[PDB]
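Fold and geometry: a report
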Amino acid sequence: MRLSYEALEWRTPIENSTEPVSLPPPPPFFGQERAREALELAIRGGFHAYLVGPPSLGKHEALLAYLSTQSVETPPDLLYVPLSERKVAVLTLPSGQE
Amino acid sequence: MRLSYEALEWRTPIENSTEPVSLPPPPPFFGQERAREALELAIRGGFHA
Amino acid sequence: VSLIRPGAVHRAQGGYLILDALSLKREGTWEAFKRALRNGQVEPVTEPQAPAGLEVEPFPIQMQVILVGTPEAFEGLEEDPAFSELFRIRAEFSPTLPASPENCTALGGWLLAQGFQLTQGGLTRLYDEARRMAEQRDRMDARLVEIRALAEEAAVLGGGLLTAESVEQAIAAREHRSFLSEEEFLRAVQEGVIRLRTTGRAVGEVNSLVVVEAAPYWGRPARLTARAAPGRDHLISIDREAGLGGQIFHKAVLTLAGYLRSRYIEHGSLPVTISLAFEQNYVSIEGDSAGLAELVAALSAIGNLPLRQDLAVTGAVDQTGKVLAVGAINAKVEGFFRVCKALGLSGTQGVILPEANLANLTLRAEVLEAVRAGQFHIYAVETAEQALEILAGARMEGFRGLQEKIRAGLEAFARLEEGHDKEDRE
Amino acid sequence: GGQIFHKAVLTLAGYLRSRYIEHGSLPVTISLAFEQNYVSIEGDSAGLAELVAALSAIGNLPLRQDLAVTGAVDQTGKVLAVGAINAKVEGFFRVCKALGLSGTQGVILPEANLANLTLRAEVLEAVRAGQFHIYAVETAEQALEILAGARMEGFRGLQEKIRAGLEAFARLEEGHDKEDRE
Amino acid sequence: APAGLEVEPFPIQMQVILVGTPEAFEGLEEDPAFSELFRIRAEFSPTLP
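Looking at the method and resolution fields of the entry, one finds cryo-EM and 2.75 Å.

Across the boundary between the two partners, chain C contributes 9 residues, which contact 9 residues of chain E. Between chain C and chain E, a total of about 770 Å² is buried, with carbon and sulfur atoms accounting for 50% of that surface. Where chain C packs against chain E, one counts 1 salt bridge. Taking the shortest distance from any N to any O, the salt bridge between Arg 39 of chain E and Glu 152 of chain C comes out at 3.0 Å.

Time to look at the sheet that holds strand β1 (residues 16-20) of chain C. Read across the sheet, 4 strands follow the order β1(C)-β5(C)-β2(A)-β6(C) without closing on themselves; strand pairing throughout is parallel. Each edge of the sheet is formed by a strand with only one pairing partner; in this case those strands are β1 and β6 (87-92) of chain C. For this sheet, the mean inter-axis angle between neighbouring strands, taken without regard to orientation, is 25°. Across 5 bridges, strand β2 (residues 48-52) of chain A lies against β6 of chain C in parallel orientation. Paired with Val 52 of chain A across the strands is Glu 92 of chain C, a residue of β6 of chain C.

Contacts between chain C and chain A engage 88 residues on the former and 64 residues on the latter. Surface buried jointly by chain C and chain A totals about 6,900 Å² across both partners, of which 66% is contributed by carbon and sulfur atoms. Counting across the interface, chain C meets chain A through 0 salt bridges. The tally of links between chain C and chain A comes to 32 residue pairs in polar contact. The residue inventory of the side of chain C that touches chain A, partitioned by class, reads 51 nonpolar, 20 polar and 17 charged.

Here we come to the packing of aromatic side chains. Evaluated as defined, the whole model comprises 20 aromatic pairs over all chains. With 5.1 Å between their ring centres and 25° between their planes, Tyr 217 of chain C and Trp 218 of chain C make a pair best called stacked. Judged by relative accessible area, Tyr 217 of chain C falls into the partly exposed class, the value being 44%. Three or more aromatic residues joined by ring pairs make a cluster, and in this case those are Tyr 50 of chain A together with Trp 30, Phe 33, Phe 74, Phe 83 and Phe 87 of chain C. Across from the ring centre of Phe 185 of chain C, 4.3 Å away, lies the NZ or CZ of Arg 220 of chain C, which sits over that ring. Directly above the ring of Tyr 282 of chain C sits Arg 220 of chain C, whose terminal nitrogen or CZ lies 5.0 Å from the centroid.

Among the secondary structure elements, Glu 43 of chain E is positioned in the segment after α2 (34-37). Within the structure, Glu 43 of chain E has its side chain in polar contact with the side chain of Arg 41 of chain E (distance 2.6 Å). Each residue touching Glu 43 of chain E, except ones within four places of it in the same chain, is listed here: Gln 32, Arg 34 and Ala 35 of chain B together with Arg 177 and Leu 180 of chain C.

Every regular strand shows the same layout, with side chains that alternate between the two sheet faces. All names here are of chain C. Across the two faces of β1 the burial differs, with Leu 17 and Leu 19 buried and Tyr 16, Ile 18 and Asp 20 not buried at all. Pairing geometry for β1 and strand β5 (residues 64-69), over 5 bridges, is parallel. Within the sheet, the bridge partner assigned to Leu 19 lies in β5 and is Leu 67.

Where 7 pairs of chains are in contact, the pair with the most contacts is made of chains A and C. Chain A makes no contact with chain B; the smallest distance between any of their C-alpha atoms is 17 Å.

Among the nonpolar cores identified, the biggest contains 63 residues, and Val 206, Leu 260, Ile 274, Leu 292, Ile 352 and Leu 388 of chain C are the most heavily contacted of them. In this structure, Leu 39, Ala 62 and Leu 63 of chain A together with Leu 97 of chain C belong to the second largest nonpolar core, which totals 44 residues.

What follows covers the pattern of salt bridges. The final tally for this structure, using the stated rule, is 40 salt bridges over all chains. Notably, a salt bridge pairs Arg 195 of chain C with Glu 111 of chain D, separated by 3.9 Å at the nearest N-O pair. Residue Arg 195 of chain C is found in the loop between α9 (180-191) and β11 (201-203), and its partner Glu 111 of chain D is found in the loop between β5 (106-110) and α4 (121-129); the two belong to separate chains. Here the residues in one salt-bridge network are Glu 205, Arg 223 and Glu 279 of chain C together with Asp 74 and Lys 78 of chain D, joined through shared partners.

The rules we used
- Residues numbered from 1 in each chain as written, not as in the entry; some residues may be left out.
- Chains lettered and ligands numbered in written order.
- Part of a larger assembly, values for the part shown.
- Heavy atoms only, no water.
- Contact = heavy atoms within 4.5 Å.
- Buried area = accessible area lost by both parts, 1.4 Å probe.
- Salt bridge = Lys/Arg side-chain N within 4 Å of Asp/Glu carboxyl O.
- Pairing = 2+ DSSP bridges.
- Helix = DSSP H or I, 4+ residues; strand = E, 2+ residues; numbered from the N terminus.
- Axes fitted to C-alpha atoms, helices over the stretch in contact; angles between N-to-C directions.
- Polar contact = N/O pair within 3.5 Å; in protein donor to acceptor, adjacent residues only side chain to side chain.
- Nonpolar A, V, L, I, M, F, W, Y, C, P; charged D, E, K, R; others polar.
- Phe/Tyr/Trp six-rings, centres within 6.5 Å; stacked < 30°, edge-to-face > 60°.
- Buried < 20%, exposed > 50% of the residue type's maximum accessible area, 1.4 Å probe, protein only.
- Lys NZ or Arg CZ within 6 Å of the ring centre and 35° of its normal.
- Core = buried A, V, L, I, M, F, W, Y, C linked by side-chain atoms within 4.5 Å.

Next comes the structure, spelled out in C-alpha cells:
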C-alpha cells in the first residue's frame, strides 16, 4: 500500500512560538515509573538496590535529585575512639554530640 | 565510445605566466566549511571538539 | 587513631552510597565490598608495610548501597549468586519514555531546570527529535544527556533561547558534521563513479537499502543484482562468501533457498541457480537475515520481470515470504531520498519497506514534504509478493501475472536442464 | 586459494552462466591466467579484461591487442570504476611509446572513471594527435565489441560466434558423454 | 616519595581540541564518555571543490 502524508506525518504540530514556556520541574524519574517505584521500595525497606539502564540516561543526576528529597531519621555520630594506644573502638553518640 | 581530446582535457587553461600573482591570504579552513563551522560551534559554545 | 581517613562508607552512614558496578569490577573492589556488606562491618585498608598496625574495631555499616551502571556492566555481577542476595531491588531504566503531552511537558520542565530558555515551538522540536532518536513514533528517547547536549547546541546557535529554528539548526548542524562520507558518496553518484538506477526498469536488479558500517552511519542505496542460470537448486550469495563460506551455512541464504524451493513446486527441485551480488562494495551484508531486496531480485531474475528502479527495497524477509522489520529504517529511506534528490526527483521514486517498521518511521522534514508533494512515495508491505507486485507493476495472480511469468521462467530453465540431460545420454 | 571462493571468480561464473542460456550448464571451462607475474591480483573484483578474454576464448574471437582493457565488472556485465585509472592508462601509454605508437593503441576504461581521468600532458597530446585512443564503456558487451571490432547482434555478430563456440563445446562434451556410455 | 603535598586539584577552564586521523579516533570513540565530552566533530574533507 502507498502511504499518504498523514499516515507518515509524525511531528507534533507547532501552534505557538512567540512566548517562552513556564513549566514546573518534573518529579525525579519522570517517565521511569518502574525505576522510581523500585527505588521507593528500596528506600522504604532499606534494601540495597542497583540501577540498570543504557548510558547517557542521567541516572546519577536523577538518583541524586531523588535521594536529596528523602528525609531519613537523624543518623547518630559514628567516630573512632582510642581505648588505648593500640586498640581503637567505634563509638556511637547522639547526633551533634561528637 | 571513443573520447575526444576535449572530453578528456582537464587542465586549467593557462592564459599568462609572466607576472606574479597578488592574492590575499585565504581564511582558515578554506574549502573546509564543515570543519570551520564545527569549530565555530565548538568555540561559541565552549564544547570540546 | 587520628590518622584513620574516612572513605565513602564512613561518609554515607545512615544515608546512601551510590557506586558504579563498572567501578566495582574495574578496580576489583567487588570481592571486598561484598565481604563488607555480608559481614555488616569493615575496617580501613592497611598497607602491608606496617608491622605496627592498630587493632581497629570494624566499622558498622548502616548505609544503603545503590549501584548504578549499564545492564552489560551488571551481567558480570548478576552471575554471582550473592549479588542477587544483597541487592534484592532492581531499579531498571527504560531506554525510552511514552510519547505523550505529559512527557513533553516534563521534558520542558527538566530543560528549564537545566538553565535553558525554551520556546513552545522549540520544546516541540526537541521532543520530536527525542522521539526520532528512539526511532519510534510513540516513544521518545530516555537519554536525557543527549537531549541536553542537543539543547546546548541549539541554545548556542540561537544565542540563549531554544526556539524551533534554533533546534532545527542544531539538528541540521549535527547532520552536517557527520555528512562527509555521505557527501563523498553523493558526489560519486552524481559524477558517475557509483551508478545507481533511479529511473526505468531492470531485470534482476534492485535498489537495496543498506546501512554502511565499514564507513559511518547514514544508510544508502546499493544496486543488488540477481542472475538466474539453469542448474541445481543452489542459491549463491557472492558477497557472503567473498572469502570462504562454503563451510558456513548462512541464515539469509537458507531462508531464501527455503522460500524459493517451497513456494515454487512444479518440478522436484529448483531448476535454477540464483547468484546474488552487491556491486560497489562498502555494502555491509547481513549474513543472518534474508533481505526483501534479495528475494525480489531473485524472483525477477527467475521470471525475467523488469522491476522498477524508481523504488528502493528494504526490510528483511522470512522463509514464508513475510517481510520483517529492520533497524535504521529512517536512515535507509533518507539515504535513498538523498540519492534521488541529488539526481533529481522524478516524482515516481519511493521506498518499499515493511509495515512492521511503520511504528519506526520518523522521516525528516524534507522526506515528508516530498511525500506530501507527491515527489516521493513510501510503500508498506507485509509479504514479498506485495513488494514484487509493486516493483513489477503487475498482480501475482491472474493471466499474464507475475506468478505465471516466474513459473514459465522456471519451466524454461527445466527445459534447458533436460536438454543438457539428453546431452548426457546420447 | 583453491579452498577459498573468490568474488571475482563467482562474479565471472555468474555472468557466464546467466547470460548464455541454451544448455543446462556452461559446457566450457575457462582457465584465466596472468602471464608474467609481478601482477598483484584482486580476488574480490572481477576484471573487465578477464571477462572479455573469457568471451574471446569461448567464441574464438580475435580481440585487438592495440587496446588495453581496465575496469571491474559485475555479474550483470556492468563495468564498474577502478582505482588508479590514470596510472594504468599512463603505464600502457608508456609501454606503447616505448615500442612505438602506431596510431591505433588505446585503453578501454569504464565510463564511471571519466570523473577520475586526469591524464598527464603526453597522453593528452597523443590523444589530440590521434596516436592514442580512450574508449569509455558501460557494459562488458561494449568492451568486447570494441576489442573484436564487431557488433554483438547482426550479420555474424559476436553473440552468434560465442553461441556457436558454446554449441561446439557442448557437442564435444556430448561426444565425451557417449564415450562414457558407448 | 612518602611525604608530599595535598595540592588542591587545579580547575579546568580550557577547551580541548583533539586532532588526528579517522583511524586514530576509531580507538577512542567506542567509549560512551568520549561522545559525551567531545560532542563536536570537525571532520576534514580529503579534497576541496
